[PDB]
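S.K.: One structure, as structure tokens, below. Some questions next.
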Amino acid sequence: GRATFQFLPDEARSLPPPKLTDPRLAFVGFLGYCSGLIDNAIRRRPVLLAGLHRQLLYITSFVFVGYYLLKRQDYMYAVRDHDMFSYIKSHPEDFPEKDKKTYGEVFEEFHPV
Amino acid sequence: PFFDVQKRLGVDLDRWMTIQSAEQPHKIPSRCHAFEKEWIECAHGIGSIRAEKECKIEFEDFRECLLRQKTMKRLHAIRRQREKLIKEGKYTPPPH
Amino acid sequence: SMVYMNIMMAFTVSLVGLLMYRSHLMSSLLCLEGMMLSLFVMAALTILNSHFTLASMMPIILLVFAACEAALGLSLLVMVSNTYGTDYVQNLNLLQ
Amino acid sequence: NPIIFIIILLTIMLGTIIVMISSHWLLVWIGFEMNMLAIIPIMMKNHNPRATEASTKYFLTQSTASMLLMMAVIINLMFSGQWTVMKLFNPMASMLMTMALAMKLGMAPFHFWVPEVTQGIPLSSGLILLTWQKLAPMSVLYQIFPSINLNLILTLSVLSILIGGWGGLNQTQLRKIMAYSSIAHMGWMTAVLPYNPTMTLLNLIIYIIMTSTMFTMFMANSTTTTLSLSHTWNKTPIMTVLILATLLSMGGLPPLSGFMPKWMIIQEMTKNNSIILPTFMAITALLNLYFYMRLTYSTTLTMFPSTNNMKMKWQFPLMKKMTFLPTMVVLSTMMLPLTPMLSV
Amino acid sequence: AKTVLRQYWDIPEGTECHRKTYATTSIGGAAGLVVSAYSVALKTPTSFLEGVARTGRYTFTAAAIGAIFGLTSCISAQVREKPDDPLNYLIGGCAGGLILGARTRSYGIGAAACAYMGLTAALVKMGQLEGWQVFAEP
Amino acid sequence: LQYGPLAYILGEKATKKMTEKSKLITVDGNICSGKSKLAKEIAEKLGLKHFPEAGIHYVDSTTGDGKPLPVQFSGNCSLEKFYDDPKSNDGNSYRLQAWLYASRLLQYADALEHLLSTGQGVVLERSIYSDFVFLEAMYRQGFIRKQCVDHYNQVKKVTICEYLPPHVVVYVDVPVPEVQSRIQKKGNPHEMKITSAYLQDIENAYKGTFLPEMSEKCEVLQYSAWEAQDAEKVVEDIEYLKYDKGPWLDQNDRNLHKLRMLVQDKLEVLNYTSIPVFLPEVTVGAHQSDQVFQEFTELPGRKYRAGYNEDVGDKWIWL
Amino acid sequence: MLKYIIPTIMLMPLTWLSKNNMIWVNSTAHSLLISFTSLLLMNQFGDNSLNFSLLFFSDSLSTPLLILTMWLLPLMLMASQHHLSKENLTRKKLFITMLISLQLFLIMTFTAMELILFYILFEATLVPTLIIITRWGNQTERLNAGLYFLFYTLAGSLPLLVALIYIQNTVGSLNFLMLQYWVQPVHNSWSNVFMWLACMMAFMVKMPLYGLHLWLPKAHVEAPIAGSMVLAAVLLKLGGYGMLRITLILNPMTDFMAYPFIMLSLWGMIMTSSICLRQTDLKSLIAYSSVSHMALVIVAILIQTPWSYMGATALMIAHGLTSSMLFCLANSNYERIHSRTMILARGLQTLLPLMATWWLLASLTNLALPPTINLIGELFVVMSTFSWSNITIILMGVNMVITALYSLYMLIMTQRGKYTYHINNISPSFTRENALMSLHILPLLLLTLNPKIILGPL
Amino acid sequence: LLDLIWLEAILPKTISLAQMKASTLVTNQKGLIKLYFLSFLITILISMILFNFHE
């Protein structure tokens, strides 16, 4: 949690990175693929297959940004579990070892209809 | 949200004029300068949620350095210790 | 001491019934500029006995905005009388 | 006039940065002082005698709401003399703090700051600029957060949606219908702020997006609900389908993404064994939906396009950043497993 | 304040039927002042001795409700079987609500004042009966 | 005429084209008197782009290319059908006046659009102010009702806010009602027998109604005779040109005036007269009904898809 | 579902992608082809259990219920074309796409693998239904009925989220129904009443009790083009089955307070069918039949211990096919006489002889003539609640009495004559009018041969 | 006489209940800038007396 005011810090090197052909990155920009079609539909285009140069660079936008956004999402869970397991590792008095007991110990309710 | 730009790049936008013992342009301290430096020494790496219930000694006297609350009460009650016995002797001390 | 109770009693020159009411709105903008010197003084009594040596530039800067603030508010109060001739806070047209 | 309109407009967001970039209560005083100085011209531009009699009702409400803040600073100047932005060391100060700042964000008390300004300003164009003043004090309640009384911040917030809800069923003027349900969406976020103060910002970033895209849709002609009828068959029938989608999204229905906050925000409100608190509010925003249904029953059912007037010409306004707003304000509910790990 | 509840919820618990309804008319009596203060402020100026808010009968109504609101319980707490129960304290709902039903005539208000007040009556003592806590922390 | 903020900070359009050549001029006249015998004749010498008066097809006379689409889609009350003056009808004879006013307003919204763009004077035929003179004898002849008279009377205070007045406004040489022979001898088979109640009343309504703009600071040049015919031709050519700069303005009222400094009289009229869909933007009709100015919801609400073939004529891919 | 959702989304960029009037034949062609693939991998075996792929499917193992959900888009397009063909093609492309968009979420529903995936898909509907209610109806009382369809379904379903998120952080996580091996019991308390009650009441608002049925003859009375979402809204009512997923486990031992749900829904059953014999609107006649013998399952679920789940499952798709066709019998014979008043349509049975069989074999399934899927369903419910208390044969027997006099009253109103009027009503029930009236009884009596496919676990 | 009355009486009472109280909160907010601020002061004092707020 240290090294304040970074977009993503230096210590995110040992994370996988989240490489492509993941369905979110297909979906990020699929809505942008839908968004460029709206961009024609607002203005009485009347094409719905209009100028491709407006219909491109929406795809380029979301995918690049969404990739560069997801590198810290996988970092923040990785730094989340990293600090929990240390506090699990110290203080064993807050984390006891439960006893293993099979179904020869329990006498449950017993409620039949 | 607290972006904290001024910790990244090392300019002090303000900071100097924040606490009672920081710079003192010609080094004239306050009346409670000795307790500021002592109390800030207590809670530094402490995360301030345990500092409210652990330190609790270096803060309380510092509150009582500044307002002099019970010092003025121990002084005021001496005006009622004596000074009903104005007429019952004990001037104490004679001048000077 | 009692030099703070008076004046903390004198901070109640807001009192909100007479901070926008009644008419002749100049009477209400009056106590908006007169609510200062209950902040300009109440700061100045605290920075000065307790020798901070640096925060006493803040009472100088406390006037500089509140003068420019109230001067802006006085510009608009001509505009309510430029359209009418009388300020009269019981003017109300835009409901809520 | 054109260049000086930027320099006024530029310093509005420069006023709110110093609110966030500060370690010192004097600078956060200057920060949204000059915002109250640099909004007053934007109220004026076409000089109509309601606007002059509206900004002056705007003005002194944000002069006192300024002025009590400096009173709250000088109290805990006396107590321990530290001026960092942190816990306020005095319950007589923090009480005077939170319900001073509740006027700038206006909560349910400190009431008519919100309808009486936003109604009838002839600049209905924007007045999207009333999203900065909801953004500056929220950046102050992120730090003050571990020093409150926990009753006042809820009682201003339990009253928030119960009275921001009822207030607008009795309306036609769609600026007031946007002015209302703007106290309600300040009710959901400060009911949560004592419990895990992030997953508050999730509600705010959603609220900037869905409200900014509502005004841009409104900038063809739209003034009143009866005028919201007469553009389906005249201007563009695709506008009627779009204005349906955002409202049904902003009501919180789970096929869209205005259900993204609540779904997450109850994950925090219970988990803290507080159950009767969300069940009141979750059933309260239900008649916050009867604004939107009965608004969608105007435009999407061909309700009387009379007075034959043809717009045989095209439209050339500037719908800036509009093509990407109802593609992140509707379709994002699947694509946010962690938005609350970017913003956290 | 909260200590009023710390003398309400603490000592009587069904018995001592005078101090029960002496303290439980203080709270409901006090809230008549709160509805009086906005009815002279949010409503315009009344007659010569404000607060004289338009129809009156405000603090005349509110303290009368809390006057019976212990009394319907503390009678019926001990006379039946001697606990305090959710069905015990249910009884103070309807006829406790019917003060607002008696004045400002019924047949459309009074039974609706009876019905819904009986819903919110029993849940309160049910609250500490399960240990419910509204404004909590971890 | 301004083009956004970015072009406006480099070169402004208030006064480097209007070098006193604003000269926004109109005529008033009466029927068969000041049509084009005097109005259209003076374009040169002074360089004044003439605009026609009115008609149903003015919106058809723009946006293209350009041929006028028929009276089904632009359903009005049909020049040479309302001459039956139907005092008892469905109807409506008032529904002409709505489209008469909106075809009127777009000429004056292109007038100011043309000047600051170029710098030329413009003669109009009848301005936006002439539309109330018809209403005087539209009222006293029984083919109108009240609660329709008040409607455009409420539009007049709404839609007319930024309009700088015309300059040497000419009441044309108008006879002593010789129009009863002018409406007959000059043809006009459907302009017919309807008596002096429409003849005399509008003539009495040119004097007592048009007087405040005639008494507004822009000096008028009035004639009342048979015609100009080289007696008021050059006299309204030369001595009106001397009244273009010298004997021209008193309170000055129209100059693209003292806010011509990239300020509210320089752009904020020349940015609100460009793109003339915001000019008839408050031309939205009644509260609900008004009992004359209506269109039903789906019939004739289904007369729109016939006029919406592809909804934009030509634009292709790849651009 | 591996990919059943993935072809049925590919139906959607086929409709607008097409030509002119070919848009009807292109959609109905491919939509029938899923009915092989729907059957194909499903109906496998079978003894504890078929977890299917992942966190997206438990394959709807012991409750099939899903093949019937896939008939309908190639059943409604042939039904809706009667009075729809006057609008624009741009809106005719819309009304096919939102109908597919209703089938998309129902496919991930009924399987759903979880309980929180269920709810967000349980509420993912009601937006595309409401568009079919408000637009595309007839004259007014659409708009209040558009609001009565909300605010019962949505007021109840929000206390699910308070309780389902409460379970997710109390006992492990609810994410699987097969991590429900560890279940602590739920005793008698004052908080465990509400945990049972809030988790249950949002299902009662869709499959109605006698109270709170007030929205059901509102949306079905004033209804789209030819029953076009009314066929969907009868599946959606029985698509609130998830009480079978919840209450079998997950507070298993609360029968203590079943009794205000029994007696309200067992006496209401004998009355809400009795309150319909004086109906004058024909589509409101069927709309109360759908109240009565749907509410027999509510006393069949809360009473546990199968020989009821034998029948309570068979009753969900008993009138899934019956009450669909009865709406189709009334979506027809309204195109010819423009009123739904049951008085006016007399003089019949001579003019349209071929559809006389379609009236009877509909109304012979409520009389239910034991070798069908109907009296194999009721006679397991009857032999179940007999073993609760013996006295319940009385009310449920008089239920069998009045619905016999009820179903024939709709038949016998057409066996009259002399017709008095009606130069119209010529059309002799064309090839489409019998085709979409078929494919209802053709699977309905077919499955009576081996109805082991229609059974729970059980 | 029952199914359209005493099921329709209790729940569409709530429609006519809230709109009875959605009128007491625009028609009593009728301007009166004199009477905004007299009502802010009651709110600022009642926070002092009531409860937890100073504690």
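Naming scheme: A, B, ... for chains in displayed order of the structure tokens; residues 1 onward per chain; ligands 1 onward as shown.
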Could you list, as an MDAnalysis selection string, every residue within 9 Å of region 153-166 of chain D, counting only C-alpha atoms and ignoring same-chain residues fewer than 3 positions away?
M.R.: (chainID D and resid 98:99 102 107:109 148:150 169:170 180:194 277 280:281 284:289 291) or (chainID E and resid 135) or (chainID H and resid 18:19 21:23 25)
S.K.: Select from chain F every residue with an atom at most 7 Å from any atom of chain A, then for each give the shortest pair of atoms and their distance in Å to one decimal, using only C-alpha atoms, rows by chain and rising number, as JSON lines.
M.R.:
{"residue": "F:310", "atom": "CA", "partner": "A:46", "partner_atom": "CA", "distance": 6.8}
{"residue": "F:312", "atom": "CA", "partner": "A:46", "partner_atom": "CA", "distance": 6.1}
{"residue": "F:316", "atom": "CA", "partner": "A:50", "partner_atom": "CA", "distance": 6.8}
{"residue": "F:317", "atom": "CA", "partner": "A:50", "partner_atom": "CA", "distance": 4.9}
{"residue": "F:318", "atom": "CA", "partner": "A:51", "partner_atom": "CA", "distance": 4.3}
{"residue": "F:319", "atom": "CA", "partner": "A:51", "partner_atom": "CA", "distance": 4.8}
S.K.: Excluding residue 19 (chain A) and its own-chain neighbours fewer than 5 positions away, which residues fall within 10 Å of it when counting only C-alpha atoms? Please give them as a count of residues only.
M.R.: 3
S.K.: Could you pull out the residues in region 51-233 of chain G that DSSP calls helix (DSSP H, G or I) from the backbone, as a PDB file with C-alpha atoms, in the first residue's frame?
M.R.:
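Just written: states-v2.pdb:
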ATOM      1  CA  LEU G  73     -40.403 -17.697 -30.766  1.00  0.00           C
ATOM      2  CA  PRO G  74     -41.328 -20.005 -33.708  1.00  0.00           C
ATOM      3  CA  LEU G  75     -44.871 -20.025 -32.406  1.00  0.00           C
ATOM      4  CA  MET G  76     -45.535 -16.353 -31.782  1.00  0.00           C
ATOM      5  CA  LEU G  77     -44.235 -14.927 -35.069  1.00  0.00           C
ATOM      6  CA  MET G  78     -46.829 -16.967 -36.935  1.00  0.00           C
ATOM      7  CA  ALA G  79     -49.403 -15.751 -34.405  1.00  0.00           C
ATOM      8  CA  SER G  80     -48.485 -12.066 -34.287  1.00  0.00           C
ATOM      9  CA  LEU G  89     -40.550  -2.391 -41.099  1.00  0.00           C
ATOM     10  CA  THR G  90     -38.246  -0.426 -38.779  1.00  0.00           C
ATOM     11  CA  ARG G  91     -40.567  -1.234 -35.882  1.00  0.00           C
ATOM     12  CA  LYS G  92     -41.386  -4.710 -37.193  1.00  0.00           C
ATOM     13  CA  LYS G  93     -37.678  -5.447 -36.890  1.00  0.00           C
ATOM     14  CA  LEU G  94     -37.820  -4.176 -33.295  1.00  0.00           C
ATOM     15  CA  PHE G  95     -40.673  -6.399 -32.061  1.00  0.00           C
ATOM     16  CA  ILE G  96     -38.876  -9.521 -33.230  1.00  0.00           C
ATOM     17  CA  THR G  97     -35.569  -8.513 -31.607  1.00  0.00           C
ATOM     18  CA  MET G  98     -36.874  -7.783 -28.116  1.00  0.00           C
ATOM     19  CA  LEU G  99     -38.834 -11.041 -28.232  1.00  0.00           C
ATOM     20  CA  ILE G 100     -35.587 -12.916 -28.883  1.00  0.00           C
ATOM     21  CA  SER G 101     -34.060 -10.723 -26.178  1.00  0.00           C
ATOM     22  CA  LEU G 102     -36.659 -12.131 -23.793  1.00  0.00           C
ATOM     23  CA  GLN G 103     -35.718 -15.714 -24.703  1.00  0.00           C
ATOM     24  CA  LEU G 104     -32.021 -14.996 -24.086  1.00  0.00           C
ATOM     25  CA  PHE G 105     -32.357 -14.388 -20.365  1.00  0.00           C
ATOM     26  CA  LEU G 106     -34.861 -17.198 -19.815  1.00  0.00           C
ATOM     27  CA  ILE G 107     -32.276 -19.622 -21.199  1.00  0.00           C
ATOM     28  CA  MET G 108     -29.674 -18.713 -18.588  1.00  0.00           C
ATOM     29  CA  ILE G 116     -27.656 -14.837  -7.108  1.00  0.00           C
ATOM     30  CA  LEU G 117     -27.256 -15.556 -10.806  1.00  0.00           C
ATOM     31  CA  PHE G 118     -30.919 -16.458 -10.632  1.00  0.00           C
ATOM     32  CA  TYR G 119     -32.137 -13.146  -9.194  1.00  0.00           C
ATOM     33  CA  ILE G 120     -30.306 -10.801 -11.563  1.00  0.00           C
ATOM     34  CA  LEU G 121     -31.792 -12.913 -14.374  1.00  0.00           C
ATOM     35  CA  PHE G 122     -35.087 -13.232 -12.472  1.00  0.00           C
ATOM     36  CA  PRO G 128     -38.812  -6.316 -22.488  1.00  0.00           C
ATOM     37  CA  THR G 129     -42.285  -7.368 -21.323  1.00  0.00           C
ATOM     38  CA  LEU G 130     -43.238  -3.817 -20.341  1.00  0.00           C
ATOM     39  CA  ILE G 131     -42.309  -2.558 -23.794  1.00  0.00           C
ATOM     40  CA  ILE G 132     -44.758  -5.052 -25.293  1.00  0.00           C
ATOM     41  CA  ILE G 133     -47.477  -3.985 -22.839  1.00  0.00           C
ATOM     42  CA  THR G 134     -47.321  -0.189 -23.205  1.00  0.00           C
ATOM     43  CA  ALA G 145     -51.721  -1.714 -16.145  1.00  0.00           C
ATOM     44  CA  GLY G 146     -48.157  -1.035 -17.217  1.00  0.00           C
ATOM     45  CA  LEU G 147     -47.618   0.219 -13.673  1.00  0.00           C
ATOM     46  CA  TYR G 148     -49.549  -2.523 -11.892  1.00  0.00           C
ATOM     47  CA  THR G 153     -42.989  -7.657  -8.837  1.00  0.00           C
ATOM     48  CA  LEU G 154     -40.372  -5.079  -7.937  1.00  0.00           C
ATOM     49  CA  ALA G 155     -41.547  -4.240  -4.419  1.00  0.00           C
ATOM     50  CA  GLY G 156     -41.287  -7.883  -3.447  1.00  0.00           C
ATOM     51  CA  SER G 157     -38.056  -8.796  -5.195  1.00  0.00           C
ATOM     52  CA  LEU G 158     -35.883  -6.192  -3.450  1.00  0.00           C
ATOM     53  CA  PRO G 159     -36.021  -7.985  -0.043  1.00  0.00           C
ATOM     54  CA  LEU G 160     -34.505 -10.961  -1.858  1.00  0.00           C
ATOM     55  CA  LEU G 161     -31.254  -8.997  -2.218  1.00  0.00           C
ATOM     56  CA  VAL G 162     -31.276  -8.207   1.471  1.00  0.00           C
ATOM     57  CA  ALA G 163     -31.552 -11.900   2.310  1.00  0.00           C
ATOM     58  CA  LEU G 164     -29.503 -13.490  -0.481  1.00  0.00           C
ATOM     59  CA  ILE G 165     -26.511 -11.228   0.195  1.00  0.00           C
ATOM     60  CA  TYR G 166     -27.103 -12.057   3.872  1.00  0.00           C
ATOM     61  CA  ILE G 167     -26.615 -15.770   3.194  1.00  0.00           C
ATOM     62  CA  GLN G 168     -23.566 -15.232   0.955  1.00  0.00           C
ATOM     63  CA  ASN G 192     -35.920 -16.237  11.343  1.00  0.00           C
ATOM     64  CA  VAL G 193     -39.571 -15.539  10.571  1.00  0.00           C
ATOM     65  CA  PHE G 194     -38.534 -12.641   8.356  1.00  0.00           C
ATOM     66  CA  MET G 195     -35.660 -14.538   6.740  1.00  0.00           C
ATOM     67  CA  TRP G 196     -38.214 -17.116   5.663  1.00  0.00           C
ATOM     68  CA  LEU G 197     -40.834 -14.538   4.807  1.00  0.00           C
ATOM     69  CA  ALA G 198     -38.821 -12.096   2.704  1.00  0.00           C
ATOM     70  CA  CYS G 199     -37.196 -14.935   0.784  1.00  0.00           C
ATOM     71  CA  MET G 200     -40.620 -16.382  -0.029  1.00  0.00           C
ATOM     72  CA  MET G 201     -42.887 -13.399  -0.670  1.00  0.00           C
ATOM     73  CA  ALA G 202     -41.205 -12.298  -3.896  1.00  0.00           C
ATOM     74  CA  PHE G 203     -42.258 -15.578  -5.510  1.00  0.00           C
ATOM     75  CA  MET G 204     -45.855 -15.189  -4.372  1.00  0.00           C
ATOM     76  CA  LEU G 216     -52.950 -10.528 -13.258  1.00  0.00           C
ATOM     77  CA  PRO G 217     -56.281  -9.527 -14.940  1.00  0.00           C
ATOM     78  CA  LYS G 218     -54.713  -6.223 -15.951  1.00  0.00           C
ATOM     79  CA  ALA G 219     -51.823  -7.175 -18.203  1.00  0.00           C
ATOM     80  CA  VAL G 230     -49.432 -13.159 -23.376  1.00  0.00           C
ATOM     81  CA  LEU G 231     -48.026 -16.518 -24.407  1.00  0.00           C
ATOM     82  CA  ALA G 232     -44.758 -15.344 -22.861  1.00  0.00           C
ATOM     83  CA  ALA G 233     -46.396 -14.020 -19.696  1.00  0.00           C
TER      84      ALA G 233
END
S.K.: Identify, on the basis of only C-alpha atoms, every residue whose closest approach to residue 18 (chain F) does not exceed 9 Å; exclude the query and any residue fewer than 6 positions from it along the same chain; express the result as a ChimeraX atom specification.
M.R.: /F:115-116,118-120,256
S.K.: Got a sec to pull out which chain D residues are within 7 Å of chain G, counting only C-alpha atoms, and send them as a PyMOL selection string?
M.R.: chain D and resi 254-255+267+271+283+301
S.K.: Keeping only N, CA, C and O atoms, write those residues as a JSON list (two decimals), in the first residue's frame.
M.R.:
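Result written to again_3.json:
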[["chain", "number", "residue", "atom", "x", "y", "z"],
["D", 254, "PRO", "N", -31.85, -3.98, -13.08],
["D", 254, "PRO", "CA", -30.67, -4.87, -13.23],
["D", 254, "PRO", "C", -30.29, -5.27, -14.65],
["D", 254, "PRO", "O", -29.14, -5.71, -14.83],
["D", 255, "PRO", "N", -31.13, -5.17, -15.68],
["D", 255, "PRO", "CA", -30.56, -5.30, -17.03],
["D", 255, "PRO", "C", -29.65, -4.16, -17.46],
["D", 255, "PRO", "O", -28.91, -4.32, -18.44],
["D", 267, "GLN", "N", -23.65, -4.86, -0.37],
["D", 267, "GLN", "CA", -22.58, -5.77, 0.04],
["D", 267, "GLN", "C", -21.75, -5.18, 1.18],
["D", 267, "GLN", "O", -21.14, -5.92, 1.96],
["D", 271, "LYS", "N", -23.21, -7.03, 5.81],
["D", 271, "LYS", "CA", -21.86, -7.38, 6.27],
["D", 271, "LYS", "C", -21.48, -6.52, 7.48],
["D", 271, "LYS", "O", -20.52, -6.84, 8.19],
["D", 283, "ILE", "N", -36.44, 0.34, -0.53],
["D", 283, "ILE", "CA", -37.84, 0.46, -0.88],
["D", 283, "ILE", "C", -38.25, 1.93, -1.04],
["D", 283, "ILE", "O", -39.37, 2.21, -1.48],
["D", 301, "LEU", "N", -44.90, 6.85, -26.45],
["D", 301, "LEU", "CA", -46.20, 6.34, -26.87],
["D", 301, "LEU", "C", -46.97, 7.30, -27.75],
["D", 301, "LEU", "O", -48.21, 7.26, -27.73]]
S.K.: Please list as a PyMOL selection string every residue within 9 Å of residue 21 (chain D), counting only C-alpha atoms and excluding residues in the same chain fewer than 2 positions away.
M.R.: (chain B and resi 1-6+13) or (chain D and resi 16-19+23+27-28)
S.K.: Give as an MDAnalysis selection string every residue of chain D that touches chain E within 8 Å, counting only C-alpha atoms.
M.R.: chainID D and resid 150:151 195 272:277
S.K.: What is the CA of residue 415 (chain G)-CA of residue 378 (chain G) distance in Å, reported with one decimal?
M.R.: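 Separation of CA of residue 415 (chain G) and CA of residue 378 (chain G): 29.5 Å.
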S.K.: How many Å lie between CA of residue 205 (chain F) and CA of residue 133 (chain F), rounded to one decimal?
M.R.: 5.7 Å
S.K.: Can you pull out every residue within 12 Å of residue 42 (chain A), counting only C-alpha atoms, but drop anything in the same chain fewer than 6 positions away, and send it as a PyMOL selection string?
M.R.: (chain A and resi 35-36+48) or (chain D and resi 217+235-243+314-319+322-324+326)
S.K.: Which chain D residues are at most 6 Å from chain H (counting only C-alpha atoms), as a ChimeraX atom specification?
M.R.: /D:91-92,166-167
S.K.: What lies within 12 Å of residue 102 (chain E) using only C-alpha atoms, ignoring chain neighbours under 4 positions off, as number ranges by chain?
M.R.: E: 61, 64-65, 94-98, 106-111, 113-114
S.K.: Could the residues in this selection be saved with C-alpha atoms as a PDB file, in the first residue's frame?
M.R.:
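This went into part_21.pdb:
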ATOM      1  CA  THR E  61     -52.592  15.690  19.863  1.00  0.00           C
ATOM      2  CA  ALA E  64     -52.237  12.550  24.367  1.00  0.00           C
ATOM      3  CA  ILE E  65     -50.910   9.618  22.330  1.00  0.00           C
ATOM      4  CA  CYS E  94     -54.474   0.488  17.507  1.00  0.00           C
ATOM      5  CA  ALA E  95     -56.201   2.383  20.324  1.00  0.00           C
ATOM      6  CA  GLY E  96     -52.953   4.270  20.804  1.00  0.00           C
ATOM      7  CA  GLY E  97     -53.273   5.302  17.186  1.00  0.00           C
ATOM      8  CA  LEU E  98     -56.986   6.045  17.537  1.00  0.00           C
ATOM      9  CA  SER E 106     -62.456   8.618  11.109  1.00  0.00           C
ATOM     10  CA  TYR E 107     -63.881   6.412   8.313  1.00  0.00           C
ATOM     11  CA  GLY E 108     -60.799   6.747   6.124  1.00  0.00           C
ATOM     12  CA  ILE E 109     -58.170   7.919   8.628  1.00  0.00           C
ATOM     13  CA  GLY E 110     -58.923   6.284  11.954  1.00  0.00           C
ATOM     14  CA  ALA E 111     -58.810   2.605  11.037  1.00  0.00           C
ATOM     15  CA  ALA E 113     -54.352   5.048  11.921  1.00  0.00           C
ATOM     16  CA  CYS E 114     -55.308   1.878  13.797  1.00  0.00           C
TER      17      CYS E 114
END
S.K.: Would you compute the distance between CA of residue 235 (chain G) and CA of residue 360 (chain G)? Give it in Å to one decimal.
M.R.: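 For CA of residue 235 (chain G) relative to CA of residue 360 (chain G), the distance reads 22.8 Å.
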S.K.: For the contact check between chain G and chain A, emit one row per residue of chain G within 9 Å, containing the shortest atom pair and the distance in Å rounded to one decimal, counting only C-alpha atoms, chain then rising number order, as JSON lines.
M.R.:
{"residue": "G:185", "atom": "CA", "partner": "A:109", "partner_atom": "CA", "distance": 8.3}
{"residue": "G:253", "atom": "CA", "partner": "A:111", "partner_atom": "CA", "distance": 7.3}
{"residue": "G:255", "atom": "CA", "partner": "A:113", "partner_atom": "CA", "distance": 8.8}
{"residue": "G:304", "atom": "CA", "partner": "A:113", "partner_atom": "CA", "distance": 8.4}
{"residue": "G:305", "atom": "CA", "partner": "A:113", "partner_atom": "CA", "distance": 8.4}
S.K.: Keeping N, CA, C and O atoms, export the residues of the selection given above as a PDB file, in the first residue's frame.
M.R.:
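See part_6.pdb below for the written result:
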ATOM      1  N   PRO G 185     -29.724 -25.796  10.268  1.00  0.00           N
ATOM      2  CA  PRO G 185     -31.179 -25.638  10.284  1.00  0.00           C
ATOM      3  C   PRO G 185     -31.587 -24.257  10.776  1.00  0.00           C
ATOM      4  O   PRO G 185     -30.788 -23.495  11.320  1.00  0.00           O
ATOM      5  N   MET G 253     -36.892 -26.597   7.711  1.00  0.00           N
ATOM      6  CA  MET G 253     -37.754 -27.036   8.794  1.00  0.00           C
ATOM      7  C   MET G 253     -38.730 -25.970   9.271  1.00  0.00           C
ATOM      8  O   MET G 253     -39.118 -25.981  10.444  1.00  0.00           O
ATOM      9  N   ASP G 255     -42.273 -25.406   8.554  1.00  0.00           N
ATOM     10  CA  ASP G 255     -43.668 -25.594   8.205  1.00  0.00           C
ATOM     11  C   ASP G 255     -44.579 -24.959   9.250  1.00  0.00           C
ATOM     12  O   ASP G 255     -45.798 -24.915   9.052  1.00  0.00           O
ATOM     13  N   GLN G 304     -44.515 -30.760   1.532  1.00  0.00           N
ATOM     14  CA  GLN G 304     -43.320 -31.385   0.991  1.00  0.00           C
ATOM     15  C   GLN G 304     -43.625 -32.853   0.689  1.00  0.00           C
ATOM     16  O   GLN G 304     -44.789 -33.213   0.493  1.00  0.00           O
ATOM     17  N   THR G 305     -42.576 -33.708   0.607  1.00  0.00           N
ATOM     18  CA  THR G 305     -42.659 -35.175   0.577  1.00  0.00           C
ATOM     19  C   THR G 305     -43.347 -35.715  -0.672  1.00  0.00           C
ATOM     20  O   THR G 305     -44.581 -35.793  -0.709  1.00  0.00           O
TER      21      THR G 305
END
